[PDB]
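Below is target-v9.txt, holding compact mmCIF, C-alpha atoms and all ligand atoms.
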```
# COMPACT_ATOMS: atom_id res chain seq x y z
CA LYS X 854 178.84 22.46 85.33
CA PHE X 855 177.16 22.53 81.91
CA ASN X 856 177.78 26.27 81.39
CA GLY X 857 181.22 25.87 79.82
CA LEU X 858 183.17 25.67 83.11
CA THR X 859 185.58 22.72 83.36
CA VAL X 860 188.15 21.51 85.89
CA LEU X 861 191.48 20.43 84.50
CA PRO X 862 193.26 17.59 86.32
CA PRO X 863 196.72 18.34 87.74
CA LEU X 864 199.80 17.04 85.96
CA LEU X 865 201.04 15.34 89.15
CA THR X 866 198.29 13.43 90.91
CA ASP X 867 198.26 12.12 94.47
CA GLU X 868 200.16 8.91 93.69
CA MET X 869 203.29 10.58 92.30
CA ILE X 870 202.95 13.32 94.93
CA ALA X 871 203.10 10.59 97.59
CA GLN X 872 206.03 9.00 95.74
CA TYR X 873 207.90 12.33 95.76
CA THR X 874 207.25 12.77 99.49
CA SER X 875 208.34 9.17 100.13
CA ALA X 876 211.56 9.76 98.20
CA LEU X 877 212.22 12.96 100.16
CA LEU X 878 211.54 11.22 103.49
CA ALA X 879 213.75 8.23 102.64
CA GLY X 880 216.58 10.45 101.42
CA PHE K 543 158.29 22.57 74.98
CA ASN K 544 155.46 25.14 75.15
CA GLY K 545 157.71 27.86 73.74
CA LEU K 546 160.78 26.84 75.77
CA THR K 547 163.56 26.28 73.23
CA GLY K 548 166.94 24.68 73.75
CA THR K 549 169.34 21.94 72.74
CA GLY K 550 169.95 18.86 74.85
CA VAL K 551 169.46 15.14 75.36
CA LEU K 552 165.97 14.08 76.45
CA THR K 553 166.19 11.08 78.79
CA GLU K 554 163.73 9.41 81.13
CA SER K 555 164.24 10.72 84.65
CA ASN K 556 163.52 9.49 88.18
CA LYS K 557 162.67 12.95 89.56
CA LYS K 558 159.56 13.16 91.75
CA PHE K 559 157.64 16.08 90.30
CA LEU K 560 154.54 17.19 92.14
CA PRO K 561 151.39 17.05 89.96
CA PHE K 562 151.28 20.86 89.66
CA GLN K 563 154.96 21.12 88.63
CA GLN K 564 155.58 21.44 84.90
CA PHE K 565 159.39 21.79 84.72
CA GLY K 566 162.52 21.78 86.85
CA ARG K 567 165.13 24.50 87.19
CA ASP K 568 168.84 24.13 87.89
CA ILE K 569 171.14 26.35 89.95
CA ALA K 570 172.27 28.46 86.97
CA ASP K 571 168.64 29.39 86.02
CA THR K 572 168.77 26.77 83.26
CA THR K 573 166.15 24.14 82.47
CA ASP K 574 166.96 20.81 84.12
CA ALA K 575 163.87 18.67 83.48
CA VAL K 576 160.47 19.12 81.84
CA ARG K 577 157.05 17.49 81.75
CA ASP K 578 155.82 16.49 78.30
CA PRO K 579 152.84 18.66 77.23
CA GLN K 580 151.10 15.75 75.47
CA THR K 581 152.02 12.76 77.67
CA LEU K 582 151.95 12.69 81.48
CA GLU K 583 155.63 11.76 81.62
CA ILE K 584 158.80 13.16 83.18
CA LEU K 585 161.91 13.80 81.07
CA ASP K 586 165.26 15.27 82.08
CA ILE K 587 167.16 17.65 79.81
CA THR K 588 170.88 16.89 79.73
CA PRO K 589 173.04 19.14 77.50
CA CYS K 590 174.80 17.48 74.57
CA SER K 591 178.31 16.08 75.04
CA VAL O 350 137.16 54.02 77.88
CA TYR O 351 137.18 53.99 81.69
CA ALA O 352 134.97 50.88 81.76
CA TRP O 353 137.29 48.93 79.48
CA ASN O 354 136.39 45.28 78.97
CA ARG O 355 138.82 42.49 79.82
CA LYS O 356 138.34 39.08 78.18
CA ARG O 357 140.35 36.26 79.70
CA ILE O 358 141.08 33.60 77.07
CA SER O 359 142.28 30.10 77.92
CA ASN O 360 142.52 26.63 76.35
CA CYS O 361 142.60 27.84 72.74
CA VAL O 362 144.84 27.92 69.66
CA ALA O 363 145.40 31.18 67.77
CA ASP O 364 147.34 31.63 64.53
CA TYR O 365 147.63 35.48 64.56
CA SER O 366 148.00 35.60 60.75
CA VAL O 367 144.47 37.02 60.64
CA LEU O 368 145.90 40.10 62.37
CA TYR O 369 148.57 40.31 59.66
CA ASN O 370 146.61 39.79 56.44
CA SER O 371 143.81 42.17 57.46
CA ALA O 372 144.67 45.66 56.19
CA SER O 373 141.88 47.41 58.12
CA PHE O 374 144.18 47.95 61.12
CA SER O 375 145.63 51.46 61.10
CA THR O 376 147.53 50.86 64.36
CA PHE O 377 149.58 47.72 65.03
CA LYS O 378 152.66 48.12 67.25
CA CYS O 379 153.65 45.12 69.36
CA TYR O 380 156.00 45.94 72.21
CA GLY O 381 157.25 43.10 74.39
CA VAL O 382 157.25 40.22 71.90
CA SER O 383 157.71 39.81 68.16
CA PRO O 384 154.26 39.02 66.70
CA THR O 385 155.72 37.00 63.81
CA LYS O 386 157.26 34.41 66.15
CA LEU O 387 154.03 33.79 68.04
CA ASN O 388 152.59 30.58 66.56
CA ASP O 389 155.73 28.65 67.60
CA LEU O 390 155.34 29.65 71.27
CA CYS O 391 152.85 28.93 74.04
CA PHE O 392 151.78 31.09 76.96
CA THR O 393 150.04 30.71 80.31
CA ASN O 394 147.22 33.25 79.99
CA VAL O 395 146.25 35.90 77.44
CA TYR O 396 144.12 38.99 78.11
CA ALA O 397 142.30 41.01 75.43
CA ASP O 398 141.07 44.50 76.32
CA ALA J 930 205.21 13.58 119.84
CA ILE J 931 204.32 11.68 116.65
CA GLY J 932 201.48 10.00 118.53
CA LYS J 933 200.27 13.37 119.83
CA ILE J 934 200.34 14.81 116.29
CA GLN J 935 198.30 11.82 115.09
CA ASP J 936 195.84 12.27 117.95
CA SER J 937 195.42 16.00 117.23
CA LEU J 938 194.95 15.42 113.49
CA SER J 939 192.39 12.68 114.16
CA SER J 940 190.60 14.81 116.76
CA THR J 941 190.26 18.18 115.03
CA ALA J 942 189.98 19.16 111.37
CA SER J 943 190.20 22.90 112.12
CA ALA J 944 193.99 22.82 111.72
CA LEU J 945 193.62 22.28 107.94
CA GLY J 946 191.69 25.53 107.57
CA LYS J 947 194.63 26.97 105.63
CA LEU J 948 193.60 24.63 102.79
CA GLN J 949 189.88 24.63 103.56
CA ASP J 950 189.65 28.41 103.09
CA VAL J 951 191.31 28.24 99.65
CA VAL J 952 189.02 25.39 98.56
CA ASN J 953 185.97 27.25 99.89
CA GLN J 954 186.98 30.53 98.21
CA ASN J 955 187.30 28.70 94.90
CA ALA J 956 183.87 27.20 95.62
CA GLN J 957 182.17 30.58 96.10
CA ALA J 958 184.08 31.91 93.08
CA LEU J 959 182.56 29.28 90.79
CA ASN J 960 179.21 29.59 92.59
CA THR J 961 179.27 33.35 91.93
CA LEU J 962 180.07 32.70 88.27
CA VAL J 963 177.15 30.26 88.13
CA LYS J 964 174.56 32.45 89.87
CA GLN J 965 175.47 35.58 87.91
CA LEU J 966 173.92 33.94 84.83
CA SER J 967 170.48 34.34 86.47
CA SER J 968 170.66 38.14 86.46
CA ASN J 969 168.81 40.21 83.87
CA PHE J 970 171.34 43.10 83.77
CA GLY J 971 168.55 45.35 82.49
CA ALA J 972 167.21 42.82 79.99
CA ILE J 973 163.61 41.63 79.97
CA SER J 974 164.75 38.06 80.71
CA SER J 975 167.97 36.37 81.78
CA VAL J 976 167.55 33.28 79.56
CA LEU J 977 169.25 33.67 76.18
CA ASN J 978 167.02 31.13 74.42
CA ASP J 979 163.97 32.88 75.90
CA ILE J 980 165.23 36.19 74.45
CA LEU J 981 165.83 34.50 71.08
CA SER J 982 162.40 32.83 70.98
CA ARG J 983 160.46 36.05 71.75
CA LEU J 984 162.04 38.91 69.83
CA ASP J 985 162.96 39.96 66.33
CA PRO J 986 166.64 40.91 65.74
CA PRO J 987 166.13 44.75 65.84
CA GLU J 988 165.45 44.51 69.60
CA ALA J 989 167.11 41.15 70.23
CA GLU J 990 170.47 42.75 69.43
CA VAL J 991 169.98 45.32 72.21
CA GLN J 992 168.69 42.82 74.79
CA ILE J 993 171.42 40.27 74.05
CA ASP J 994 173.99 43.09 74.11
CA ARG J 995 172.86 44.01 77.64
CA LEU J 996 173.06 40.35 78.70
CA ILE J 997 176.55 39.95 77.19
CA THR J 998 177.75 43.16 78.86
CA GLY J 999 176.58 42.05 82.31
CA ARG J 1000 177.87 38.49 81.96
CA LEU J 1001 181.26 39.57 80.59
CA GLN J 1002 181.77 42.20 83.31
CA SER J 1003 180.89 39.60 85.99
CA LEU J 1004 183.37 37.19 84.30
CA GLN J 1005 186.16 39.84 84.20
CA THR J 1006 185.51 40.34 87.94
CA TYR J 1007 185.94 36.58 88.43
CA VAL J 1008 189.12 36.71 86.31
CA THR J 1009 190.73 39.42 88.44
CA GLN J 1010 189.71 37.58 91.62
CA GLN J 1011 191.29 34.37 90.30
CA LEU J 1012 194.43 36.28 89.28
CA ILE J 1013 194.93 37.91 92.69
CA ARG J 1014 194.24 34.61 94.47
CA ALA J 1015 196.77 33.03 92.10
CA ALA J 1016 199.25 35.68 93.24
CA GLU J 1017 198.48 34.72 96.84
CA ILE J 1018 198.97 31.02 96.11
CA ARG J 1019 202.15 31.89 94.20
CA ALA J 1020 203.61 33.62 97.25
CA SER J 1021 202.43 30.66 99.35
CA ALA J 1022 204.15 28.25 96.95
CA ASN J 1023 207.35 30.31 97.14
CA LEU J 1024 207.24 30.18 100.94
CA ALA J 1025 206.52 26.43 100.94
CA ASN B 978 167.15 63.05 93.48
CA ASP B 979 167.27 65.72 90.75
CA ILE B 980 166.93 63.03 88.07
CA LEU B 981 164.01 61.40 89.91
CA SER B 982 162.22 64.72 90.52
CA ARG B 983 162.81 66.02 86.99
CA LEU B 984 162.47 63.20 84.45
CA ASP B 985 159.64 60.82 83.69
CA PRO B 986 160.30 57.25 84.98
CA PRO B 987 160.96 55.59 81.55
CA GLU B 988 163.90 57.94 80.83
CA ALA B 989 164.87 58.33 84.48
CA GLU B 990 165.43 54.56 84.63
CA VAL B 991 167.90 54.78 81.72
CA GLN B 992 169.69 57.72 83.36
CA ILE B 993 169.86 55.86 86.69
CA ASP B 994 171.22 52.77 84.90
CA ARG B 995 173.96 54.85 83.26
CA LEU B 996 174.81 56.53 86.58
CA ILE B 997 174.98 53.29 88.57
CA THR B 998 176.99 51.68 85.75
CA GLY B 999 179.62 54.42 85.97
CA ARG B 1000 179.54 54.26 89.77
CA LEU B 1001 179.99 50.47 89.84
CA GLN B 1002 182.92 50.73 87.42
CA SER B 1003 184.44 53.32 89.77
CA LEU B 1004 183.77 51.02 92.74
CA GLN B 1005 185.37 47.98 91.11
CA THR B 1006 188.42 50.00 90.03
CA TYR B 1007 188.76 51.23 93.62
CA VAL B 1008 188.31 47.70 94.96
CA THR B 1009 190.93 46.20 92.62
CA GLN B 1010 193.32 49.02 93.56
CA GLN B 1011 192.71 48.20 97.23
CA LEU B 1012 193.28 44.50 96.47
CA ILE B 1013 196.65 45.03 94.77
CA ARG B 1014 197.70 47.55 97.45
CA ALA B 1015 196.74 45.01 100.12
CA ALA B 1016 198.82 42.39 98.30
CA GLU B 1017 201.81 44.75 98.43
CA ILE B 1018 201.12 45.56 102.10
CA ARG B 1019 200.82 41.85 102.94
CA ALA B 1020 204.14 41.14 101.22
CA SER B 1021 205.74 43.97 103.21
CA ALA B 1022 204.19 42.61 106.42
CA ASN B 1023 205.49 39.11 105.69
CA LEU B 1024 208.95 40.59 105.10
CA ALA B 1025 208.71 42.53 108.38
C1 LIG E 1101 147.40 14.88 73.11
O1 LIG E 1101 146.87 13.76 72.35
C2 LIG E 1101 146.87 12.51 73.06
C3 LIG E 1101 146.38 11.46 72.08
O2 LIG E 1101 145.10 11.79 71.57
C4 LIG E 1101 145.99 12.63 74.30
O3 LIG E 1101 146.03 11.40 75.02
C5 LIG E 1101 146.48 13.77 75.18
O4 LIG E 1101 145.61 13.93 76.29
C6 LIG E 1101 146.56 15.08 74.38
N1 LIG E 1101 147.11 16.14 75.21
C7 LIG E 1101 146.36 16.89 76.03
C8 LIG E 1101 147.09 17.92 76.82
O5 LIG E 1101 145.15 16.72 76.12
```
Produce structure tokens that represent the structure in this file.
Ligand SMILES: *[C@@H]1O[C@H](CO)[C@@H](O)[C@H](O)[C@H]1NC(C)=O
Amino acid sequence: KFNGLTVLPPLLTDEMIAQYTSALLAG
Amino acid sequence: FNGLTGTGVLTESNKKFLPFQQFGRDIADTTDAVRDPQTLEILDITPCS
Amino acid sequence: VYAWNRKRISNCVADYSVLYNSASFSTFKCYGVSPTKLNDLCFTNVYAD
Amino acid sequence: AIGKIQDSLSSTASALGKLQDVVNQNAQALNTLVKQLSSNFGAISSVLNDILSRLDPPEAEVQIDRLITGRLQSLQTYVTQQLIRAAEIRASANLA
Amino acid sequence: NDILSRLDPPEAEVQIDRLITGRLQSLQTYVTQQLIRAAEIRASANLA
């Protein structure tokens, strides 16, 4: 945690992932 | 603190040290909190931002 | 030699510069710790044989 | 069938083990990287500030060199593990 | 056993450390080779 290790957030978070899946389902 | 050197932010903690416990240790074998050698008080060591 | 004394010392403050400035010592080799960085540290118990 | 799928997903979480194992393996990977800091690797102490506060440089160089060697080798091990698991997840992403 | 029976413990510890260091490097090279070979075998098994 404090030993130099970090977690980078993903470029596409859950909201746009859900939007992509919604677009695929609707199409 | 009694020969234990390090860099961090000293803040007042809510940890319940037992009266015979002089410091706390984290998972990574790093100092997490200490007891002041002059004052019977409990302080947590948080690394700097 | 076989009946070597052991003096346990506690609750004191020692400067250790008396061991430096005295030239009568023909043998002074410290092994596990640097004797020059001693006054800035603190230890649990010290034994003097 | 949609209702049965909903019932199964609400009933058991063991179906999502194909994601749980990856998350857990990442968890023990970072936990390994954390706990390998506690090892001496032949040094007198595993705390770098403790080594610095005790010793003069002519022995501190050797002790810190041992600590660096152990920590770096443990890290390289973590790096290769992350790389091969990234290859696994790459193949999984290709299949998906 | 020859190192332990021949040398004094302060030097025998250094010799043992060197020996186990070389042996653990050999072990981790073997393990990584097994890992990459298992990746190839798993890809072949998925293809099959
Ligand atoms: C340090 O000094 C303060 C003030 O005189 C005193 O209250 C405290 O007990 C001292 N520390 C110890 C360990 O005795």
Hey, which residues come within 12 Å of ligand LIG 1101 (chain E) if we count only C-alpha atoms and all ligand atoms? Could you give them as an MDAnalysis selection string? (chainID K and resid 544 577:583) or (chainID O and resid 360:361)
Listed atoms of range 364-370 of chain O, axis-aligned box, 5 Å per side: centre and edge lengths to one decimal in Å, as lines of an AutoDock Vina configuration file?
```
center_x = 146.5
center_y = 36.0
center_z = 60.5
size_x = 14.1
size_y = 18.7
size_z = 18.1
```
Test item: which residues lie within 10 Å of (149.3, 37.7, 60.6) counting all atoms listed in the file, as a PyMOL selection string: chain O and resi 364-371+384-385+387-388
When you count only C-alpha atoms, which of these residues is closest to residue 959 in chain J: J:1007, J:999, J:984, J:992? J:1007
What are the residues of chain O that have an atom within 10 Å of an atom of chain J, counting all atoms listed in the file, as JSON, numbers by chain? {"O": [380, 381, 382, 383, 384, 385, 386, 387, 389, 390]}
May I ask for the distance between CA of residue 573 in chain K and CA of residue 587 in chain K, given in Å to one decimal place? 7.1 Å
Would you compute the distance between CA of residue 1013 in chain B and CA of residue 1013 in chain J? Give it in Å to one decimal. 7.6 Å
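The residue set within 12 Å of residue 995 in chain B, counting all atoms listed in the file and dropping same-chain residues fewer than 6 places from it, reads residues 971 of chain J; 980, 988, 989, 1001 and 1002 of chain B.
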I need the contact residues of chain X against chain J, so if you could list those with any atom within 9 Å, counting only C-alpha atoms, and return them as a CSV table (one decimal) with C-alpha atoms, in the frame of the given file, that would help.
```csv
chain,number,residue,atom,x,y,z
X,854,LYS,CA,178.8,22.5,85.3
X,856,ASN,CA,177.8,26.3,81.4
X,858,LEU,CA,183.2,25.7,83.1
```
Give as JSON, numbers by chain every residue of chain K that touches chain O within 10 Å, counting all atoms listed in the file. {"K": [543, 544, 545, 546, 547]}
Please indicate the distance in Å from CA of residue 558 in chain K to CA of residue 584 in chain K, rounded to one decimal place. 8.6 Å
